[PDB]
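Asker: Chains as they are written, first to last, in the deposited numbering: chain AA, 73 to 87; chain AB, 93 to 433; chain Af, 133 to 134, 164 to 853.
Idealized CB from N, CA, C, for every residue including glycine.
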Amino acid sequence: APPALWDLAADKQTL
Amino acid sequence: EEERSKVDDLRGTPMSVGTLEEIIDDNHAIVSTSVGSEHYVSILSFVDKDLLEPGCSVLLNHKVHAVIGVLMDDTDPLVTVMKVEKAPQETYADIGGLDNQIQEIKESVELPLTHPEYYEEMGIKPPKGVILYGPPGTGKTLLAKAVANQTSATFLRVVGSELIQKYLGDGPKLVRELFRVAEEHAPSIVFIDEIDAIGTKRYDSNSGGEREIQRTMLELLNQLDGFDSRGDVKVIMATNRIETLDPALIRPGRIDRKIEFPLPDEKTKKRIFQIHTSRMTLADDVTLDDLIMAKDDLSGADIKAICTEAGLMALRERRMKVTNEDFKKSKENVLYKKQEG
Amino acid sequence: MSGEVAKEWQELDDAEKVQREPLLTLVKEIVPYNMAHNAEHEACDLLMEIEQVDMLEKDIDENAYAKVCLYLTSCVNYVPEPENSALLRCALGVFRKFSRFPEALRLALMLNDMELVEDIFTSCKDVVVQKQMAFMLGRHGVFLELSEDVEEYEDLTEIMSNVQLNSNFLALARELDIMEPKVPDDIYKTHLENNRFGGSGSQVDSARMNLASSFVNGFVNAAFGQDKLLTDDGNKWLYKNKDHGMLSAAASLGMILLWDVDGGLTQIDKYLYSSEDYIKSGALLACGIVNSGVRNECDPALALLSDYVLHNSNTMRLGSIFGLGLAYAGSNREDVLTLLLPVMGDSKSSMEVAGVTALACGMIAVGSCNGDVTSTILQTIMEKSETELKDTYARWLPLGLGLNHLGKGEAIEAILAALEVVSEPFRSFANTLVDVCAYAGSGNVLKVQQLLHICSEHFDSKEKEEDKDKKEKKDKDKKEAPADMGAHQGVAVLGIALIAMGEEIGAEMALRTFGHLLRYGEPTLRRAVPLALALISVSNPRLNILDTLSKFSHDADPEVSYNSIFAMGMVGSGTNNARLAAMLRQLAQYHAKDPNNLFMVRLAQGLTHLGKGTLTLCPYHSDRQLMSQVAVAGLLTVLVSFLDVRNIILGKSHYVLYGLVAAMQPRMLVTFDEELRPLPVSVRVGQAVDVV
Ligand SMILES: Nc1ncnc2c1ncn2[C@@H]1O[C@H](COP(=O)(O)OP(=O)(O)O)[C@@H](O)[C@H]1O
Numbered sequence: 073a074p075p076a077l078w079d080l081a082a083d084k085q086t087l
Numbered sequence: 093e094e095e096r097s098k099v100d101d102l103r104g105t106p107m108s109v110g111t112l113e114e115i116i117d118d119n120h121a122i123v124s125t126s127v128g129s130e131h132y133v134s135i136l137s138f139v140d141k142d143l144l145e146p147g148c149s150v151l152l153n154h155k156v157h158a159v160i161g162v163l164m165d166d167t168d169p170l171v172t173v174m175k176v177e178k179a180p181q182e183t184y185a186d187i188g189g190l191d192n193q194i195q196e197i198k199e200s201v202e203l204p205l206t207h208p209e210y211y212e213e214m215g216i217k218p219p220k221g222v223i224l225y226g227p228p229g230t231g232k233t234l235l236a237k238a239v240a241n242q243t244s245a246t247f248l249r250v251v252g253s254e255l256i257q258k259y260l261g262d263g264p265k266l267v268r269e270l271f272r273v274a275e276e277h278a279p280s281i282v283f284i285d286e287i288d289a290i291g292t293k294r295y296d297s298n299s300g301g302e303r304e305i306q307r308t309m310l311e312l313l314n315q316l317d318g319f320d321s322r323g324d325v326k327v328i329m330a331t332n333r334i335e336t337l338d339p340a341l342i343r344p345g346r347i348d349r350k351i352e353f354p355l356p357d358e359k360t361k362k363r364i365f366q367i368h369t370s371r372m373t374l375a376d377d378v379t380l381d382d383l384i385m386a387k388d389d390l391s392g393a394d395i396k397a398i399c400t401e402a403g404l405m406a407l408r409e410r411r412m413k414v415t416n417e418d419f420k421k422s423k424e425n426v427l428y429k430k431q432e433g
Numbered sequence: 133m134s164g165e166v167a168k169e170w171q172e173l174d175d176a177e178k179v180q181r182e183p184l185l186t187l188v189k190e191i192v193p194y195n196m197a198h199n200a201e202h203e204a205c206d207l208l209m210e211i212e213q214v215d216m217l218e219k220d221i222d223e224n225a226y227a228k229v230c231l232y233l234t235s236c237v238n239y240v241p242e243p244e245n246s247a248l249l250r251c252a253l254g255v256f257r258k259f260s261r262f263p264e265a266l267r268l269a270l271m272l273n274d275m276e277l278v279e280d281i282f283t284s285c286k287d288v289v290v291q292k293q294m295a296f297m298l299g300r301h302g303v304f305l306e307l308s309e310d311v312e313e314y315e316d317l318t319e320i321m322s323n324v325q326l327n328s329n330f331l332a333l334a335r336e337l338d339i340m341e342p343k344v345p346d347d348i349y350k351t352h353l354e355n356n357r358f359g360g361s362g363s364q365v366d367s368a369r370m371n372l373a374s375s376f377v378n379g380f381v382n383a384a385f386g387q388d389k390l391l392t393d394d395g396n397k398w399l400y401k402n403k404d405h406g407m408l409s410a411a412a413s414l415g416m417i418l419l420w421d422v423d424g425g426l427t428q429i430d431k432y433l434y435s436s437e438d439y440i441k442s443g444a445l446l447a448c449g450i451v452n453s454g455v456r457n458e459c460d461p462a463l464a465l466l467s468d469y470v471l472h473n474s475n476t477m478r479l480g481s482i483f484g485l486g487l488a489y490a491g492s493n494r495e496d497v498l499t500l501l502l503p504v505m506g507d508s509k510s511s512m513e514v515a516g517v518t519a520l521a522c523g524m525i526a527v528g529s530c531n532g533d534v535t536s537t538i539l540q541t542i543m544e545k546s547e548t549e550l551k552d553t554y555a556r557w558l559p560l561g562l563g564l565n566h567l568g569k570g571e572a573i574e575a576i577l578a579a580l581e582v583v584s585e586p587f588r589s590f591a592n593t594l595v596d597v598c599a600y601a602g603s604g605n606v607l608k609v610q611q612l613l614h615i616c617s618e619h620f621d622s623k624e625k626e627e628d629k630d631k632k633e634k635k636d637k638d639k640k641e642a643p644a645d646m647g648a649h650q651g652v653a654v655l656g657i658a659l660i661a662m663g664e665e666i667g668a669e670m671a672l673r674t675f676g677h678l679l680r681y682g683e684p685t686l687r688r689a690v691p692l693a694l695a696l697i698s699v700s701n702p703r704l705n706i707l708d709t710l711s712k713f714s715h716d717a718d719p720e721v722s723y724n725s726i727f728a729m730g731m732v733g734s735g736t737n738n739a740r741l742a743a744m745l746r747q748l749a750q751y752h753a754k755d756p757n758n759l760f761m762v763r764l765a766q767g768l769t770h771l772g773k774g775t776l777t778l779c780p781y782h783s784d785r786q787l788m789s790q791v792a793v794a795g796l797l798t799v800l801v802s803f804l805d806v807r808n809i810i811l812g813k814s815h816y817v818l819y820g821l822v823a824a825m826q827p828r829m830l831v832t833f834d835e836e837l838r839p840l841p842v843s844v845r846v847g848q849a850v851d852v853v
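#1: Please confirm whether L80/AA has its beta-carbon closer than 9 Å to some beta-carbon of chain Af.
#2: Taking a Cβ distance cut-off of 9 Å, strictly less, list which residues of the region 129 to 140 of chain AB are near chain AA, in chain order.
#3: Figure out for me which residue from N192/AB, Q431/AB, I160/AB and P228/AB has the closest Cα to the Cα of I334/AB.
#4: Put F376/Af into one of helix, strand or coil per three-state DSSP.
#5: Would you check whether ligand 1 has a heavy atom nearer than 8 Å to the C-beta of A236/AB?
#6: How long is the line joining the alpha carbons of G570/Af and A689/Af, rounded to whole angstroms?
#7: Let me check one thing: in DSSP terms, what residues is residue 439/AB bridge-paired to?
#8: From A462/Af to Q826/Af, what does the alpha carbon distance come to, in whole angstroms?
#9: For chain Af, is any of its Cβ atoms less than 9 Å away from the one on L77/AA?
#10: Buried or exposed: where does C285/Af fall if 16 or more other Cβ atoms within 10 Å of its Cβ makes it buried?
#11: Does the Cβ of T230/AB lie closer than 8 Å to at least one heavy atom of ligand 1?
#12: Kindly examine ligand 1 and report whether one of its heavy atoms sits closer than 8 Å to the Cβ of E182/AB.
#13: Could you compute how far the alpha carbon of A653/Af sits from the alpha carbon of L678/Af?
#14: In chain AA, which residues lie less than 7 Å from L679/Af when you measure between Cβ atoms?
#15: Which residues does DSSP pair with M107/AB in a beta bridge?
#16: Taking Cβ positions only, does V156/AB come closer than 9 Å to chain AA?
#17: Given a limit of 8 Å on CB to CB distance, which residues of the region 653 to 681 of chain Af reach chain AA?
#18: What are the boundary residues of the beta strand (DSSP E) that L764/Af is part of?
#19: Unbroken alpha helix (DSSP H) runs of length 4 or more, entirely within the region 691 to 747 of chain Af: which are they?
#20: For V109/AB, which of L152/AB, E199/AB and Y210/AB has the nearest alpha-carbon?
#21: Return yes when at least one heavy atom of ligand 1 lies under 8 Å from the C-beta of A330/AB, else no.
#22: Would you please verify whether the beta carbon of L102/AB is less than 9 Å from any beta carbon of chain AA?
#23: Quick check on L260/AB: does DSSP put it in helix, strand or coil?
#24: Out of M372/AB, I116/AB, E352/AB and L383/AB, which has the shortest C-alpha to C-alpha gap to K237/AB?
#25: Under 9 Å between C-beta atoms, does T685/Af make it to chain AA?
#26: Helix, strand or coil, according to DSSP, for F283/AB in the structure here?
#27: Going by the beta-carbon positions, is the gap between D220/Af and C251/Af smaller than 9 Å?
#28: Measuring CA to CA, which of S481/Af, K228/Af, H198/Af and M271/Af is closest to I211/Af?
#29: Using alpha carbons as the reference points, say which of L112/AB, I367/AB, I287/AB and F247/AB lies closest to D338/AB.
#30: Would you call residue 140/Af buried or exposed, if buried means 16 or more other Cβ atoms sit within 10 Å of its Cβ?
#31: With 16 other CB atoms within 10 Å as the buried threshold, where does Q786/Af fall?
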């Protein structure tokens, strides 16, 4: 879950 | 928490089901969805981007063809042809006389997996499968063997030439799906029986050809040979006729193990009749001696079928118990039945 | 009542009501009830019976009648006197029931014997008496449970039994002690330092001196430092005065060095002379350590090393003068006569000038002391102080002491700590970090209290971080560290090295917190996180390391790319794989500038093998072609002429196998030290680390 936390938190730069 | 209420808006509410075509190292992946839609999508979310691989389902957010995640969905027909299950009731203890016939193959299937100590410590390791054969119409008589192997480990049965040359091939690619999917479910066992790919003659529908059936058998060999797959998926093969089978099979596999199916003897025949009549109540005058002596070279399901018709006429008289006279005439329906045909 | 066909309760506890009066009866009335089948209250009568056979001191029958019970034997009749009375009578009387054959069959951890001696051993270890059957019986399974929570530093002791019972005694004690911070391997680290572990250490192979070949010869020739062969030298009573021939690591490093030549080796003439046609590379960086580890011992390239580095250019002198003493010192002693002469010969005024050779004799020491080199290093650094000063050389000096001896009486920390007054917070990070941590392993709890009070005074507001880090260093894996991270400062470097070193245990078990600190941690601390991959990963790096860091690898951040490729780094260089060599592709196809690119790829080259080859084994042509084709770029971009030597540092060095370092469970001191500084890699810190 921690890796998926940081994984989903990069969508702000991704958008 | 907040991420669940964030990424859903971007990927929500609708999103197309797309197919990954190929991957560019930019994190941009060339994708495909109906119809002829290619694109570049760089996302860091839900991925797993390594394990995606082309030819798989990737989600596609309508703005614009963006992938929020991936869903692997099967199903597939061939996954349905594997199970279920049976976990069948038929032990190898329900059959008799082949204890020496079986004991080896019983080892070679339970020598690995269950009880590995002697096997792995010995550094020998022959898990290349087995091969069976037997006359005249047995082999499912050896599915009374494999039916005990269906009681352990993981299993899929694929038997008969029909599933090979059916329509125009595409050659082995069905055999490819079998091998690779049985490698995906590994450990497992694939039971082949009655390989008539050369023994059958007519191409189903419009198909060709004899050599392309021979080359799809050939690639069956190479995929079993093989370069280079250590996956197991053990392979059990059987047939009626070992003559038409090409030796190209045997040296790669199965090179070490193949069993011969003998026809039962007096005590084996009697044993089997006792096995099938164990359930059925029979009249006090039923005698097995004149039966096993009068009959000639019958396997289990033959005398099991005379038990079946004996109970059939026993139900025509609505008796729960079969009479020896009706057992000899009801028998005479199969005796005359093989004498009529 | 006990035999009434009625199943009505209860036949338990009723013997306390009327007690003396039923004692006018015996078990004779009881036996027809329990022996006759299809009778009521079969095992229930044993709840009354265990007390009569227990108060009569009978043994294995209380065992036999507590089998289905499993409960009442705990709370049973109170005044402690009959309880420790029939407890020690039952105690000495149950083991005499055991091993009666003789020589096993051993009990026969079962729910009868072990759960009952555990059950009553509860009350045994609660208040009264001591030394139960555990010392009487001989069961190590209950000996696992004999001990109660207490400091184990004292528990190194046991009853001396025969070496027969001592062997499996020591095996089950070992596997009992592995989870535990302290292991029988403690003889290495500890300190201790009393003569007991050397006495028993040479007595474990006493008295046989022939089959003693293993654990003795391999131990004296596998030792780089002098302490084990020294204390053990006084503790090795085989012969007299001529055991010193197999000691001092002269014939040791000679023999193992010629067996390494038996299992090598590295190319000399072709590569190094074809490189001598290229004159001097522009890196002035990694080329000296080549002739350091390579040669070993030969003089001719040593005068090229020296006579060159007389020019003084940069710190390029470093690996060169390191080959000066490493060459002859490869076996012994050596060069420590002329090793330190350039120190005072070359005010420094900095490390790259007179500090390089000042590092030389300290690191080339490797077991000295002896004891001259100790007082010689302390003296020579007390000569140059204001020119050192507190910063650039003081980084490397304690590495010439603490390596050889942790409990060394000499304090060079105080004399080097009088120079702290310069007040600069910056350089004292990487300076005072392993400056103060590198003096000794200590273990006294007093040292860091001293240096915290005299150093701090106050406090440095900065160094205090590294000082509690030095404390947490002093002790090893005491489990005190998970209690020391509760601070978890906004600095947060407490937690990273605190979990790094704070747990040394075979089972990782640190995944929960190691992931919890990155998932819960503040930003940019995850940059520090992968650096803990150095210690705990010695077991199974393959699965988890390239897993996690594989995601950290293609991150655009050069800091987590750098500290990632290091995070794998050496612990990921233990063995090779097709994933590594295949992954090297397009790691080197990136268009990014800066040294992080070829530290990523070129450090990722050294993970293919370590000190192995080339003759024997893997071919050197493929490395020649890879480093030859990748260097076509830039064109210079001198860092390519730095990388081509970078891979062959470890590549063509050889002559040392690691393995790990080390198999004995010590740790390399230059590696953690040096790898902590370039985390913010800037100018010469990378070459200071390039001492390696
Ligand atoms: N000797 C035997 N002992 C017990 N059962 C038998 C025996 N022979 C045959 N059977 C039963 O009859 C069936 C025989 O299959 P069969 O039709 O002979 O082979 P195939 O279908 O491969 O040509 C098996 O399913 C088995 O359960």
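Answerer: This is what the structure holds:
#1: no
#2: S134, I135, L136, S137, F138, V139 and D140
#3: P228/AB
#4: helix
#5: yes
#6: 35 Å
#7: This structure gives no information on residue 439/AB, because the portion of chain AB shown stretches from 93 to 433.
#8: 35 Å
#9: yes
#10: buried
#11: yes
#12: yes
#13: 10 Å
#14: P74
#15: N153/AB
#16: no
#17: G676, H677, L679 and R680
#18: Per DSSP, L764/Af belongs to no beta strand (DSSP E); it is in the alpha helix (DSSP H), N757 to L764.
#19: 702 to 714, 719 to 729 and 739 to 744
#20: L152/AB
#21: yes
#22: yes
#23: coil
#24: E352/AB
#25: no
#26: strand
#27: yes
#28: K228/Af
#29: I287/AB
#30: No coordinates exist for residue 140/Af in the structure shown, because the numbering of chain Af passes directly from 134 to 164.
#31: exposed
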